[PDB]
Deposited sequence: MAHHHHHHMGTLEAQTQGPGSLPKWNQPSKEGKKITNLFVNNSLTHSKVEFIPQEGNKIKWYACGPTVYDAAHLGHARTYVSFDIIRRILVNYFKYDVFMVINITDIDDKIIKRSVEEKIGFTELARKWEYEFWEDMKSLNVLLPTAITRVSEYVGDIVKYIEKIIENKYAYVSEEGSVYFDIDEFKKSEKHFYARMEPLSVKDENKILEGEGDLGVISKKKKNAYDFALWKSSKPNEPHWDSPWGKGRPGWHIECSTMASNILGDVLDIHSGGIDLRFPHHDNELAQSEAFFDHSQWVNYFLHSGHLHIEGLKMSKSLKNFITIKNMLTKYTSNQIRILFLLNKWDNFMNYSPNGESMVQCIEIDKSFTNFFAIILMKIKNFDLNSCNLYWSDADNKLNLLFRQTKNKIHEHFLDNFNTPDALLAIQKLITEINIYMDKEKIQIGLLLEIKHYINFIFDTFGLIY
(Lines of atoms letter the chains of each structure in order from A and count residues from 1; the text may use other names and numbers.)
(Lines give C-alpha, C1' and ligand atoms only; values in the text may rest on other atoms or scores of the structure.)
Protein backbone atom coordinates (compact mmCIF):
# COMPACT_ATOMS: atom_id res chain seq x y z
CA UNK A 1 0.00 0.00 0.00
CA UNK A 2 3.06 2.29 0.07
CA UNK A 3 5.55 2.76 -2.77
CA UNK A 4 8.91 0.99 -2.63
CA UNK A 5 12.22 2.49 -3.72
CA UNK A 6 15.31 0.60 -4.86
CA UNK A 7 18.62 2.24 -3.98
CA UNK A 8 21.06 1.46 -6.81
CA UNK A 9 23.82 -0.98 -6.01
CA UNK A 10 27.17 0.59 -5.10
CA UNK A 11 29.32 -1.97 -6.90
CA UNK A 12 31.31 -0.42 -9.70
CA UNK A 13 29.99 3.08 -9.05
CA UNK A 14 31.54 6.38 -8.15
CA UNK A 15 30.77 6.76 -4.44
CA UNK A 16 31.15 10.25 -2.96
CA UNK A 17 28.83 9.90 0.07
CA UNK A 18 26.72 12.70 -1.36
CA UNK A 19 23.22 12.70 0.13
CA UNK A 20 20.27 14.27 -1.68
CA UNK A 21 16.66 15.06 -0.82
CA UNK A 22 14.82 12.46 -2.92
CA UNK A 23 11.11 13.11 -3.42
CA UNK A 24 10.69 9.38 -4.09
CA UNK A 25 11.71 8.61 -0.50
CA UNK A 26 10.77 11.98 1.10
CA UNK A 27 14.15 11.83 2.80
CA UNK A 28 17.84 12.54 2.26
CA UNK A 29 19.40 9.36 0.79
CA UNK A 30 22.84 8.54 -0.56
CA UNK A 31 23.33 9.36 -4.24
CA UNK A 32 24.57 6.41 -6.31
CA UNK A 33 24.84 6.46 -10.12
CA UNK A 34 23.12 3.76 -12.14
CA UNK A 35 26.39 3.32 -14.07
CA UNK A 36 29.97 4.25 -13.22
CA UNK A 37 30.28 7.97 -12.60
CA UNK A 38 27.55 8.82 -15.13
CA UNK A 39 24.44 10.87 -14.36
CA UNK A 40 21.54 10.96 -16.80
CA UNK A 41 19.43 13.99 -15.86
CA UNK A 42 16.19 15.34 -17.31
CA UNK A 43 14.89 18.71 -16.09
CA UNK A 44 11.50 20.08 -17.09
CA UNK A 45 11.89 23.27 -19.08
CA UNK A 46 9.73 26.32 -19.68
CA UNK A 47 6.36 26.75 -21.34
CA UNK A 48 7.37 29.35 -23.92
CA UNK A 49 4.47 31.76 -24.25
CA UNK A 50 5.79 34.78 -22.33
CA UNK A 51 8.83 36.18 -20.58
CA UNK A 52 10.63 34.26 -17.85
CA UNK A 53 10.47 35.70 -14.32
CA UNK A 54 12.54 35.53 -11.15
CA UNK A 55 10.81 32.34 -10.00
CA UNK A 56 11.81 30.51 -13.17
CA UNK A 57 15.33 31.88 -12.62
CA UNK A 58 15.43 30.45 -9.11
CA UNK A 59 14.68 26.94 -10.37
CA UNK A 60 17.11 26.94 -13.31
CA UNK A 61 19.89 28.73 -11.42
CA UNK A 62 19.50 26.31 -8.50
CA UNK A 63 19.78 23.30 -10.78
CA UNK A 64 22.64 24.99 -12.64
CA UNK A 65 24.45 25.24 -9.30
CA UNK A 66 23.72 21.60 -8.54
CA UNK A 67 24.96 20.59 -11.98
CA UNK A 68 28.20 22.56 -11.54
CA UNK A 69 28.72 20.99 -8.11
CA UNK A 70 28.16 17.55 -9.63
CA UNK A 71 30.47 18.16 -12.60
CA UNK A 72 33.10 20.71 -11.58
CA UNK A 73 33.37 19.76 -7.90
CA UNK A 74 32.63 16.01 -7.74
CA UNK A 75 33.60 15.11 -11.36
CA UNK A 76 30.49 13.14 -12.20
CA UNK A 77 29.79 12.80 -15.95
CA UNK A 78 26.44 14.57 -16.41
CA UNK A 79 24.30 14.03 -19.55
CA UNK A 80 21.59 16.67 -19.22
CA UNK A 81 18.37 17.23 -21.16
CA UNK A 82 16.04 20.20 -20.83
CA UNK A 83 12.84 20.33 -22.84
CA UNK A 84 10.93 23.24 -24.36
CA UNK A 85 7.14 22.99 -24.01
CA UNK A 86 6.29 24.78 -27.27
CA UNK A 87 2.87 23.09 -27.68
CA UNK A 88 0.45 24.02 -24.92
CA UNK A 89 -3.00 25.46 -24.36
CA UNK A 90 -1.31 28.58 -22.98
CA UNK A 91 0.67 29.05 -26.20
CA UNK A 92 -2.40 28.49 -28.38
CA UNK A 93 -4.52 31.00 -26.46
CA UNK A 94 -1.78 33.64 -26.35
CA UNK A 95 -1.15 33.18 -30.07
CA UNK A 96 -4.79 33.87 -31.01
CA UNK A 97 -4.84 37.08 -28.89
CA UNK A 98 -1.62 38.43 -30.44
CA UNK A 99 -2.76 37.24 -33.89
CA UNK A 100 0.54 35.44 -34.44
CA UNK A 101 0.86 31.72 -35.15
CA UNK A 102 1.72 29.32 -32.34
CA UNK A 103 5.18 28.43 -33.68
CA UNK A 104 6.40 32.01 -34.13
CA UNK A 105 5.29 32.86 -30.59
CA UNK A 106 6.96 29.79 -29.09
CA UNK A 107 10.26 30.38 -30.91
CA UNK A 108 10.31 34.02 -29.78
CA UNK A 109 9.92 33.18 -26.11
CA UNK A 110 12.23 30.17 -26.29
CA UNK A 111 14.87 32.53 -27.66
CA UNK A 112 14.33 35.05 -24.88
CA UNK A 113 14.47 32.26 -22.30
CA UNK A 114 17.90 31.06 -23.42
CA UNK A 115 19.10 34.69 -23.61
CA UNK A 116 17.94 35.18 -19.99
CA UNK A 117 19.62 31.93 -18.98
CA UNK A 118 22.90 33.04 -20.59
CA UNK A 119 22.68 36.44 -18.89
CA UNK A 120 22.48 34.58 -15.57
CA UNK A 121 25.46 32.32 -16.46
CA UNK A 122 23.26 29.23 -16.65
CA UNK A 123 24.80 26.47 -18.76
CA UNK A 124 22.90 25.01 -21.69
CA UNK A 125 22.05 21.29 -21.35
CA UNK A 126 23.51 18.56 -23.51
CA UNK A 127 20.22 18.25 -25.43
CA UNK A 128 17.21 20.53 -25.91
CA UNK A 129 13.99 18.66 -26.76
CA UNK A 130 11.12 20.64 -28.30
CA UNK A 131 7.73 18.90 -28.25
CA UNK A 132 6.98 20.14 -31.77
CA UNK A 133 10.00 18.17 -33.04
CA UNK A 134 9.07 14.98 -31.13
CA UNK A 135 5.35 14.59 -31.89
CA UNK A 136 5.91 11.49 -34.02
CA UNK A 137 7.92 9.92 -31.20
CA UNK A 138 5.16 10.78 -28.73
CA UNK A 139 2.64 8.94 -30.93
CA UNK A 140 4.81 5.81 -31.02
CA UNK A 141 5.28 6.07 -27.25
CA UNK A 142 1.50 6.21 -26.79
CA UNK A 143 1.00 3.23 -29.11
CA UNK A 144 3.19 1.03 -26.89
CA UNK A 145 1.40 2.10 -23.69
CA UNK A 146 -1.87 1.13 -25.38
CA UNK A 147 -0.28 -2.15 -26.48
CA UNK A 148 0.76 -2.81 -22.86
CA UNK A 149 -2.91 -2.30 -21.89
CA UNK A 150 -2.34 0.82 -19.78
CA UNK A 151 -4.17 3.28 -22.05
CA UNK A 152 -7.47 3.33 -23.95
CA UNK A 153 -9.07 5.27 -26.80
CA UNK A 154 -12.28 7.26 -26.45
CA UNK A 155 -14.82 7.46 -29.27
CA UNK A 156 -13.59 11.03 -29.85
CA UNK A 157 -10.03 10.02 -30.73
CA UNK A 158 -8.49 10.93 -27.40
CA UNK A 159 -6.25 8.53 -25.50
CA UNK A 160 -6.35 8.31 -21.71
CA UNK A 161 -4.01 6.64 -19.24
CA UNK A 162 -5.81 3.81 -17.42
CA UNK A 163 -5.02 4.50 -13.77
CA UNK A 164 -6.97 1.55 -12.38
CA UNK A 165 -5.27 -0.95 -14.68
CA UNK A 166 -1.84 0.51 -13.84
CA UNK A 167 -2.45 0.37 -10.08
CA UNK A 168 -3.71 -3.21 -10.40
CA UNK A 169 -0.28 -4.40 -11.52
CA UNK A 170 1.82 -5.54 -8.56
CA UNK A 171 4.98 -3.98 -10.01
CA UNK A 172 3.44 -0.51 -10.53
CA UNK A 173 2.30 2.13 -8.05
CA UNK A 174 0.40 5.24 -9.14
CA UNK A 175 1.43 8.58 -7.60
CA UNK A 176 4.69 7.46 -5.99
CA UNK A 177 5.62 10.93 -4.74
CA UNK A 178 2.20 12.34 -3.75
CA UNK A 179 0.06 9.26 -3.03
CA UNK A 180 -2.56 11.35 -1.22
CA UNK A 181 -3.06 13.90 -4.03
CA UNK A 182 -5.30 11.49 -5.98
CA UNK A 183 -17.71 11.49 -18.82
CA UNK A 184 -16.10 9.60 -21.72
CA UNK A 185 -13.61 8.06 -19.27
CA UNK A 186 -13.40 4.92 -17.14
CA UNK A 187 -12.47 6.91 -14.01
CA UNK A 188 -12.19 10.65 -13.56
CA UNK A 189 -8.56 10.57 -12.44
CA UNK A 190 -7.53 9.21 -15.86
CA UNK A 191 -5.45 11.82 -17.71
CA UNK A 192 -5.04 12.36 -21.44
CA UNK A 193 -2.09 11.05 -23.44
CA UNK A 194 -3.63 12.29 -26.71
CA UNK A 195 -6.18 15.10 -26.87
CA UNK A 196 -8.54 15.11 -29.83
CA UNK A 197 -8.19 18.57 -31.32
CA UNK A 198 -10.98 20.93 -32.19
CA UNK A 199 -10.69 21.64 -35.94
CA UNK A 200 -9.44 25.19 -35.29
CA UNK A 201 -6.64 24.20 -32.89
CA UNK A 202 -3.15 23.15 -34.02
CA UNK A 203 -3.06 19.41 -34.48
CA UNK A 204 -1.03 16.45 -35.67
CA UNK A 205 -2.02 13.18 -37.31
CA UNK A 206 -2.21 9.98 -35.31
CA UNK A 207 -3.73 6.50 -35.48
CA UNK A 208 -6.57 7.84 -33.31
CA UNK A 209 -7.24 11.04 -35.26
CA UNK A 210 -6.00 14.61 -35.31
CA UNK A 211 -4.93 15.87 -31.92
CA UNK A 212 -2.14 17.04 -29.65
CA UNK A 213 -0.02 15.37 -26.98
CA UNK A 214 -1.17 15.61 -23.42
CA UNK A 215 1.21 17.60 -21.27
CA UNK A 216 2.78 14.76 -19.31
CA UNK A 217 3.45 12.35 -22.18
CA UNK A 218 5.66 14.96 -23.86
CA UNK A 219 8.24 14.72 -21.07
CA UNK A 220 8.13 10.93 -20.70
CA UNK A 221 8.69 10.54 -24.44
CA UNK A 222 11.52 13.04 -24.83
CA UNK A 223 13.38 11.95 -21.69
CA UNK A 224 13.02 8.25 -22.58
CA UNK A 225 14.13 8.82 -26.19
CA UNK A 226 17.47 10.39 -25.25
CA UNK A 227 18.23 9.02 -21.77
CA UNK A 228 16.50 5.62 -21.90
CA UNK A 229 14.75 3.41 -19.35
CA UNK A 230 16.56 4.62 -16.20
CA UNK A 231 17.18 8.27 -15.30
CA UNK A 232 19.61 9.03 -12.51
CA UNK A 233 18.01 12.42 -11.82
CA UNK A 234 14.73 14.03 -12.86
CA UNK A 235 14.05 17.54 -11.59
CA UNK A 236 11.63 20.44 -11.61
CA UNK A 237 9.83 22.88 -9.39
CA UNK A 238 7.88 21.45 -6.47
CA UNK A 239 4.54 22.29 -8.13
CA UNK A 240 5.40 19.75 -10.84
CA UNK A 241 5.75 16.85 -8.39
CA UNK A 242 2.03 16.07 -8.77
CA UNK A 243 0.39 15.52 -11.14
CA UNK A 244 3.05 16.17 -13.82
CA UNK A 245 6.01 14.21 -12.48
CA UNK A 246 4.03 11.38 -10.87
CA UNK A 247 2.17 11.01 -14.19
CA UNK A 248 5.48 10.87 -16.08
CA UNK A 249 6.58 8.02 -13.81
CA UNK A 250 3.39 6.07 -14.48
CA UNK A 251 3.61 6.63 -18.24
CA UNK A 252 7.28 5.64 -18.44
CA UNK A 253 6.87 2.62 -16.18
CA UNK A 254 3.97 1.56 -18.41
CA UNK A 255 6.04 2.12 -21.55
CA UNK A 256 9.02 0.06 -20.36
CA UNK A 257 6.96 -2.13 -17.97
CA UNK A 258 9.41 -1.80 -15.07
CA UNK A 259 9.08 -0.30 -11.59
CA UNK A 260 11.55 2.58 -11.37
CA UNK A 261 12.10 4.96 -14.24
CA UNK A 262 13.79 7.59 -12.02
CA UNK A 263 16.25 6.92 -9.19
CA UNK A 264 16.45 10.45 -7.70
CA UNK A 265 13.64 12.99 -8.16
CA UNK A 266 14.71 16.48 -7.06
CA UNK A 267 12.26 19.35 -6.51
CA UNK A 268 13.35 22.94 -6.01
CA UNK A 269 11.33 25.09 -3.66
CA UNK A 270 9.31 28.00 -4.94
CA UNK A 271 10.36 31.61 -4.88
CA UNK A 272 7.57 33.53 -3.11
CA UNK A 273 7.03 37.28 -3.11
CA UNK A 274 4.99 38.76 -0.26
CA UNK A 275 4.11 35.23 0.80
CA UNK A 276 2.73 33.91 -2.52
CA UNK A 277 4.38 32.00 -5.34
CA UNK A 278 5.71 34.36 -7.97
CA UNK A 279 3.28 33.62 -10.76
CA UNK A 280 2.09 35.16 -13.99
CA UNK A 281 -1.47 34.30 -12.90
CA UNK A 282 -1.08 36.47 -9.78
CA UNK A 283 0.55 39.48 -11.56
CA UNK A 284 3.21 39.64 -8.83
CA UNK A 285 6.23 38.67 -10.95
CA UNK A 286 9.50 40.37 -11.87
CA UNK A 287 10.90 39.43 -15.27
CA UNK A 288 14.53 38.30 -15.38
CA UNK A 289 15.33 41.15 -17.78
CA UNK A 290 13.78 43.69 -15.42
CA UNK A 291 15.73 42.16 -12.53
CA UNK A 292 18.98 42.50 -14.51
CA UNK A 293 18.39 46.24 -15.05
CA UNK A 294 18.66 46.54 -11.23
CA UNK A 295 21.05 43.78 -10.12
CA UNK A 296 23.91 41.85 -11.63
CA UNK A 297 24.13 38.17 -12.49
CA UNK A 298 26.48 37.62 -9.53
CA UNK A 299 24.08 39.33 -7.11
CA UNK A 300 21.08 37.34 -8.32
CA UNK A 301 23.05 34.10 -8.06
CA UNK A 302 24.14 35.02 -4.54
CA UNK A 303 20.44 35.49 -3.68
CA UNK A 304 19.82 31.86 -4.68
CA UNK A 305 23.06 30.59 -3.15
CA UNK A 306 21.88 31.96 0.20
CA UNK A 307 18.68 29.83 0.11
CA UNK A 308 18.66 26.05 0.23
CA UNK A 309 17.57 24.86 -3.20
CA UNK A 310 14.82 22.52 -1.96
CA UNK A 311 13.25 24.95 0.54
CA UNK A 312 10.88 27.75 -0.36
CA UNK A 313 12.23 31.28 -0.15
CA UNK A 314 10.66 34.71 0.22
CA UNK A 315 11.78 37.58 -1.94
CA UNK A 316 11.27 41.02 -0.44
CA UNK A 317 11.22 43.57 -3.28
CA UNK A 318 12.36 47.21 -3.45
CA UNK A 319 15.89 45.98 -2.71
CA UNK A 320 15.24 44.49 0.73
CA UNK A 321 16.33 40.91 -0.05
CA UNK A 322 19.11 42.18 -2.33
CA UNK A 323 20.91 44.33 0.30
CA UNK A 324 22.82 41.33 1.65
CA UNK A 325 23.54 39.99 -1.84
CA UNK A 326 25.06 43.33 -2.84
CA UNK A 327 27.22 43.44 0.31
CA UNK A 328 28.51 39.90 -0.28
CA UNK A 329 29.23 40.61 -3.94
CA UNK A 330 31.07 43.77 -2.86
CA UNK A 331 33.22 41.80 -0.40
CA UNK A 332 34.10 39.16 -3.01
CA UNK A 333 35.00 41.90 -5.51
CA UNK A 334 37.26 43.76 -3.08
CA UNK A 335 38.88 40.52 -1.89
CA UNK A 336 39.74 39.51 -5.45
CA UNK A 337 41.00 42.99 -6.26
CA UNK A 338 43.56 42.94 -3.44
CA UNK A 339 44.73 39.34 -3.82
CA UNK A 340 45.09 39.68 -7.60
CA UNK A 341 47.20 42.82 -7.27
CA UNK A 342 49.34 41.40 -4.45
CA UNK A 343 50.09 38.36 -6.62
CA UNK A 344 50.76 40.50 -9.70
CA UNK A 345 53.01 43.02 -7.90
CA UNK A 346 54.91 40.57 -5.68
CA UNK A 347 58.69 40.83 -6.08
CA UNK A 348 60.56 37.57 -5.65
CA UNK A 349 63.88 39.45 -5.83
CA UNK A 350 63.41 41.44 -2.61
CA UNK A 351 61.05 39.33 -0.48
CA UNK A 352 61.65 37.01 2.47
CA UNK A 353 59.85 33.67 2.11
CA UNK A 354 60.49 31.97 5.48
CA UNK A 355 57.40 29.98 6.48
CA UNK A 356 56.19 31.81 9.59
CA UNK A 357 53.60 30.96 12.24
CA UNK A 358 51.23 33.41 10.55
CA UNK A 359 51.67 31.58 7.23
CA UNK A 360 51.05 28.28 8.99
CA UNK A 361 47.90 29.54 10.74
CA UNK A 362 46.42 30.83 7.49
CA UNK A 363 47.28 27.55 5.76
CA UNK A 364 45.65 25.46 8.48
CA UNK A 365 42.48 27.53 8.24
CA UNK A 366 42.68 27.22 4.45
CA UNK A 367 42.74 23.39 4.49
CA UNK A 368 40.07 23.24 7.19
CA UNK A 369 37.87 25.45 5.02
CA UNK A 370 38.23 23.03 2.10
CA UNK A 371 37.03 20.20 4.35
CA UNK A 372 34.07 22.21 5.68
CA UNK A 373 32.92 23.10 2.18
CA UNK A 374 33.26 19.47 1.07
CA UNK A 375 30.92 18.40 3.87
CA UNK A 376 28.46 21.18 2.96
CA UNK A 377 28.24 20.06 -0.67
CA UNK A 378 27.77 16.42 0.42
CA UNK A 379 24.93 17.63 2.67
CA UNK A 380 22.35 17.96 -0.12
CA UNK A 381 24.19 20.83 -1.91
CA UNK A 382 24.17 23.14 1.13
CA UNK A 383 25.39 26.30 -0.62
CA UNK A 384 24.30 28.70 2.18
CA UNK A 385 26.79 27.18 4.61
CA UNK A 386 29.50 26.79 1.94
CA UNK A 387 29.15 30.49 1.05
CA UNK A 388 29.50 31.41 4.73
CA UNK A 389 32.65 29.27 5.03
CA UNK A 390 34.14 31.17 2.07
CA UNK A 391 33.21 34.51 3.65
CA UNK A 392 34.92 33.52 6.91
CA UNK A 393 38.09 32.48 5.09
CA UNK A 394 38.13 35.77 3.15
CA UNK A 395 37.86 37.75 6.37
CA UNK A 396 41.08 36.07 7.55
CA UNK A 397 42.92 36.32 4.22
CA UNK A 398 42.18 40.06 4.22
CA UNK A 399 43.75 40.44 7.65
CA UNK A 400 46.78 38.45 6.50
CA UNK A 401 47.27 40.43 3.30
CA UNK A 402 47.14 43.72 5.21
CA UNK A 403 49.52 42.84 8.04
CA UNK A 404 51.80 39.86 7.41
CA UNK A 405 54.68 39.52 4.98
CA UNK A 406 52.95 37.39 2.44
CA UNK A 407 53.67 33.93 1.06
CA UNK A 408 53.09 34.46 -2.66
CA UNK A 409 52.49 30.76 -3.38
CA UNK A 410 50.01 30.39 -0.53
CA UNK A 411 48.03 33.40 -1.79
CA UNK A 412 48.07 31.97 -5.33
CA UNK A 413 46.79 28.56 -4.16
CA UNK A 414 44.06 30.24 -2.11
CA UNK A 415 43.05 32.35 -5.09
CA UNK A 416 42.82 29.25 -7.30
CA UNK A 417 40.67 27.42 -4.75
CA UNK A 418 38.25 30.29 -4.21
CA UNK A 419 38.02 30.70 -7.97
CA UNK A 420 37.30 26.98 -8.24
CA UNK A 421 34.42 27.34 -5.76
CA UNK A 422 33.12 30.48 -7.48
CA UNK A 423 33.17 28.59 -10.80
CA UNK A 424 31.12 25.90 -9.03
CA UNK A 425 28.70 28.61 -7.85
CA UNK A 426 28.53 30.29 -11.27
CA UNK A 427 29.98 33.58 -10.04
CA UNK A 428 32.36 35.50 -12.31
CA UNK A 429 34.89 37.95 -10.85
property: Unmodelled ranges, which are counted on the deposited sequence from position 1 and given in order; result: 1 to 20, 203 to 219
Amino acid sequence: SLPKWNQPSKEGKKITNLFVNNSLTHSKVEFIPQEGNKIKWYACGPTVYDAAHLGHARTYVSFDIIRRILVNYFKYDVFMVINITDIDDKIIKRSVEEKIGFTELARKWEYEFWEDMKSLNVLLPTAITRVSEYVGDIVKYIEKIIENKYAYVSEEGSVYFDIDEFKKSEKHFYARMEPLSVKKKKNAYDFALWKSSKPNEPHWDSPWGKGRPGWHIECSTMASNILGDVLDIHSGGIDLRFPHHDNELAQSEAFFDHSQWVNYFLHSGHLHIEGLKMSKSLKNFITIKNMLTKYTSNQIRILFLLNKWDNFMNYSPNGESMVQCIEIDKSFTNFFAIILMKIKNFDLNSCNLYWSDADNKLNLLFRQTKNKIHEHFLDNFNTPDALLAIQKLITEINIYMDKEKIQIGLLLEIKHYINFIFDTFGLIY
From here on, numbers count along this sequence of modelled residues.
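Whichever C-alpha set is largest while still superposing within 1.5 Å between the two forms counts as the rigid core.
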item: Core-fitted comparison in 8 other deposited structures of this protein, 329 to 337 vs 342 to 350, farther C-alphas; value: 342 to 350
item: Core-aligned Cα RMS comparison in 8 other deposited structures of this protein - stretch that moves more, 208 to 216 or 275 to 283; value: 275 to 283
item: Other compared entries missing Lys289, a third or more; value: no
item: Residue gap status of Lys118, at least a third of other entries; value: no
item: Between 273 to 281 and 196 to 204 (mean CA B-factor, as deposited), the higher; value: 196 to 204
item: Stretch with the higher entry mean CA B-factor, where the candidates are 395 to 403 and 55 to 63; value: 395 to 403
item: Member of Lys289, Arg301, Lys144, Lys118 with the greatest C-alpha B factor (per the PDB record); value: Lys144
item: Options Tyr189, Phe332, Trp355, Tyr315 - largest CA temperature factor per the record; value: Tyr189
item: Cα B factor band for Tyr134 (lowest, middle or highest third within the chain); value: highest
item: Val159 - which third its CA temperature factor falls in, relative to the rest of the chain; value: highest
item: Record-listed C-alpha B factor of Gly236: chain third; value: lowest
item: Among modelled residues of the same chain, the CA temperature factor third for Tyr152; value: highest
item: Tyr73 CA temperature factor, ranked by third within the chain; value: lowest
